[PDB]
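S.K.: could you work out the structure for the sequence below:
(chains A and B, ligands or ions: 2)
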Amino acid sequence: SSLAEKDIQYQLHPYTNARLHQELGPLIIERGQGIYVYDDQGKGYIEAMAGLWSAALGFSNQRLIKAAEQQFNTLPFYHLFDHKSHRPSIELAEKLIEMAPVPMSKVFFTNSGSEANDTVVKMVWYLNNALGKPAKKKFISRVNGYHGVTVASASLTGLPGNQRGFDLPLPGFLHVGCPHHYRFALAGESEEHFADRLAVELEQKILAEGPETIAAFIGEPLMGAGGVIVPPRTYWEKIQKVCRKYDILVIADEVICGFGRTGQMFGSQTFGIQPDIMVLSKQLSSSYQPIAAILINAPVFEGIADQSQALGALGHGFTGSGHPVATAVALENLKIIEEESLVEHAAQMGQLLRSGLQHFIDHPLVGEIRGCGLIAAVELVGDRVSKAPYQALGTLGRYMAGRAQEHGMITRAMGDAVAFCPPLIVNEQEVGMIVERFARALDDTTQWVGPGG
Amino acid sequence: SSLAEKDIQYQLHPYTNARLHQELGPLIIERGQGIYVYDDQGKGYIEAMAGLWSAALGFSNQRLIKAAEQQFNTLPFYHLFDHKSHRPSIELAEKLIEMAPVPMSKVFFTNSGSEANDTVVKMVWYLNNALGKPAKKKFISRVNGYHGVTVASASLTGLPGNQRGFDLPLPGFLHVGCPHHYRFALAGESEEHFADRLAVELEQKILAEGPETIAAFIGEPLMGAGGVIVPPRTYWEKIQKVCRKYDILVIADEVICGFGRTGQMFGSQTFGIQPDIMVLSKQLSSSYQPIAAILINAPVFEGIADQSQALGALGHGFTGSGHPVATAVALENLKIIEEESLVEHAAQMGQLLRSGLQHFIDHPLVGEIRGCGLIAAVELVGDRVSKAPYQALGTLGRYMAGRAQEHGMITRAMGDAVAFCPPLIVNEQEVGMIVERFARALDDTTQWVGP
Ligand SMILES: *Cc1c(COP(=O)(O)O)cnc(C)c1O
Ligand SMILES: *Cc1c(COP(=O)(O)O)cnc(C)c1O
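M.R.: Residues are numbered from 1 along each chain as shown, chains lettered A, B, ... in the order given. Ligands and ions are numbered 1, 2, ... in the order given. Take a look at the structure below.
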């Protein structure tokens, strides 16, 4: 049996057509260094997605590898249950709280973003029970938001591909509009007026459901998996005013935006969000270890703490919560981002990326170029006036991602948008190569379509 | 300022009274080796729980540490999304399928047991939708079952401490009886007759709810966190007959029983279970890495595969699913358990543990001694005839666990029971020291409850 045949025989792949997988088999990645990964045929690819929006320090950071080794040789596993603790969880929790963009009280650790959002749902239910508000339990999120894949976090998620066939969302998980001007604004509507309508939609939803029943609003500062969607100017200001009016918690899902992706340390800084709760993962450890973190502010902690006393202990925890190797690696990761000034470097590299893409702004298949900091997307269309796809929605995106791979670059299609989320350590020449490989994929796609006109 | 002050300032602890934590602060564990961990004062403890039922190879296995290093220096992160793959996920998946106690088709990887059970819930809903059985969605689990802490997996969990204040269980998550003879059998009732009644209870629950609405039955072969509860003889045989009668999937939650804990490689082998789906974690990697695995049989895979084609792709996955470092470490872990014959060693050490504990069978505070393989529990009671607690359920267990810690042993209280789940590598004299530290804690507890 080849390694590819064993993969087909034995693995059910996430986010894969399992039948198509049996026909095509895997693309096997063997090794990585810097921004590059290599398949088992020796072909090199720029990982323009940093794997899953996540590998901040690239694929061969020796400081993270040595930090793991040092913690393995000290204490390779322990837990935080029943007052037990360990230095790496303590020092990471200190660093996260002290770097938070708003006053935060406590950190709770999980393995995944999905577990973290699932945990926030439980914590908000627990909190509102503690405060004697037992009706105050519904969550509001957005169409095309991504918050993970547990039964509860896939209910916060607003992407239909995460819900169809899974009987989701659960009751009590509500969705308001995707704040994407290009796709959902009225013809000739300003960003500010689009923001007004989205804030009216949220308030009308709160009033229709009964304000006393709405616990929390959750949003990525800018939406990652849903299309690299930058919210319209004044959106977050106007949404937060509605939330504060009805005593609704604001949860910033920073799993992608966290640690320098958007031009500042946090998306909450870039977009002027004052969240009660923040969720962090992915770049937290450059994904070298599975870890996520929840930051809760004083009011959330105090109500949870009170009830944990009344009921004996907080009845919640994962075996891996605060895992000493995962926390040790994340701690070293955050030190490197600070010591190497990678927030500012990412901002400078993002200006080069966006300038490079904008040479194609009048291309007949380029509908929108969006992003900020070191996250971007190009949304392709078959027709710029109607914004209609070429053939089925997703055709151009899939074709572009296929061509990008052939030209030695891994991007991700989100319908007809192709994403860019390179490692923060990407250098100026490397940004040049990412845009060159985009241009080659676009040329191939243009020849395949034949736009004429 | 001190590390303890920083912990109090910055960390919300799982499974902790947060207010008592602000007063007492943490017990900081600095380092581990073999079956031992050490606090920041240099005091050594036998980790009689292997951390969280999990550290099979103990706290200083150099082969796991080198396996991590080697994978880190090759490919420290990649994913399995959109047909991407990597060698350690492939070779671990191969090994898990080829070692499975019943024919299995595919492995799906997660970080946690909770994520894995949450994923099984979604897979069963997805499957029954694919098969055109949209009503076939309810799960049956058991009182005192532990299946993790997500909104959905805490609904499978049957421990009130996991549900009170969290508005759980969700609708469609049903519970039948805890198969604990000592607590739930009628006067003079045999194990076999207790099993008969539990099988009737399950069938009656299925008929009351409508069989066409029941998707799955999930059980730990023996219940870990809920009390180290060994099911009565013939339970699993009779429960499976009921499940097969109504076309209900049998899910074996092997997160604690997996990889030699119960005297054989799997709890499904020890208890004669033929599951459709198995869930594995904890000893999978000796918890050196967060990883869990779901094994699905051919019919579950075929229905999910068909739906994943109809819907374009399987719309499910964690960033960490099959993480190359976590999979490389788990693969090496399973090789060590096989190469070092730790299943047979654990069985031999478990006989010593259980015989050592059995000397306390006539102690006036010992209500029951239970276990199987290298997992055991001693349940304390304030009165052996009535089986009543002292003051309130949990009072004895809390005090016992605290005294065990003072005598250099970390155990875990499950109400008034203290658990034993030592690393598989524990030696004979180390089992003797576990029983001695238990005995010292029991003496302390006896004097504390007093005359
Ligand atoms: C990736 C992601 C998650 C889920 O994290 P996992 O570790 O994959 O479960 C949640 N929210 C956002 C915004 C994400 O991008
Ligand atoms: C520990 C455990 C789980 C949950 O695993 P986590 O990794 O802690 O989420 C599930 N089932 C059983 C039987 C367990 O013992």
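S.K.: all strands of the stretch 101-250 of chain A, in order?
M.R.: For the stretch 101-250 of chain A, strands defined by DSSP state E, counting those that start in this stretch occupy the ranges A:106-110, A:138-142, A:173-176, A:214-219, A:249-253.
S.K.: how about the first one and chain B, any contact?
M.R.: Yes - Strand A:106-110 is in contact with chain B by C-beta under 8 Å from any C-beta of the partner chain, via A:106-108. C-betas here are computed from N, CA, C, even on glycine.
S.K.: that strand near ligand 2 anywhere?
M.R.: No - on the criterion C-beta under 6 Å from any ligand atom, strand A:106-110 is out of touch with ligand 2, staying 9.2 Å away.
S.K.: how about residues contacting that strand?
M.R.: For strand A:106-110, the external contacting residues (C-beta atoms under 8 Å, 6 or more residues apart in numbering or on different chains) are A:80, A:89, A:92-93, A:96-97, A:116, A:119, A:123, A:291-296, A:301, A:318, A:320-323, A:327, B:10-12, B:14.
S.K.: what's the angle from that strand to helix B:113-130?
M.R.: 60 degrees (axes from the mean of the first three to the mean of the last three C-alpha atoms, to 10 degrees).
S.K.: so what's the residue count around whichever residue of the stretch 151-300 of chain A sits closest to ligand 1?
M.R.: Per C-beta to the nearest ligand atom, residue A:255 is where the stretch 151-300 of chain A lies closest to ligand 1, at 3.4 Å. Using other C-beta atoms under 10 Å in any protein chain shown, the number of residues around residue A:255 comes to 30.
S.K.: tell me who's in contact with the nearest residue to it once chain neighbours are set aside.
M.R.: Distance criterion C-beta to C-beta, 6 or more residues apart in numbering or on different chains; nearest residue to residue A:255, sequence neighbours excluded, is residue A:113 at 4.0 Å. By C-beta under 8 Å, 6+ apart, the contact set of residue A:113 is A:147-148, A:153, A:253, A:255, A:279, A:281-282, A:292, B:319.
S.K.: before we move on, the earlier item: can you pick the most crowded of the residues of strand A:106-110 next to chain B?
M.R.: Going by other C-beta under 10 Å, residue A:108 tops the residues of strand A:106-110 next to chain B with 28 neighbours.
S.K.: is it bridged to anything, and to what?
M.R.: Listed by DSSP bridges, the beta-bridge partners for residue A:108 are residue A:294.
S.K.: which residues of the stretch 351-453 of chain A fall in strands?
M.R.: Using DSSP E, counting those that start in this stretch, strands in the stretch 351-453 of chain A cover A:366-372, A:375-380, A:409-410, A:413-414, A:417-420.
S.K.: same list, the ones you listed, but as a markdown table with mean neighbour count please.
M.R.: As requested, these are exported to a markdown table (neighbours: other C-beta atoms under 10 Å in any protein chain shown):
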| stretch | mean neighbour count |
| --- | --- |
| strand A:366-372 | 21 |
| strand A:375-380 | 26 |
| strand A:409-410 | 24 |
| strand A:413-414 | 22 |
| strand A:417-420 | 26 |
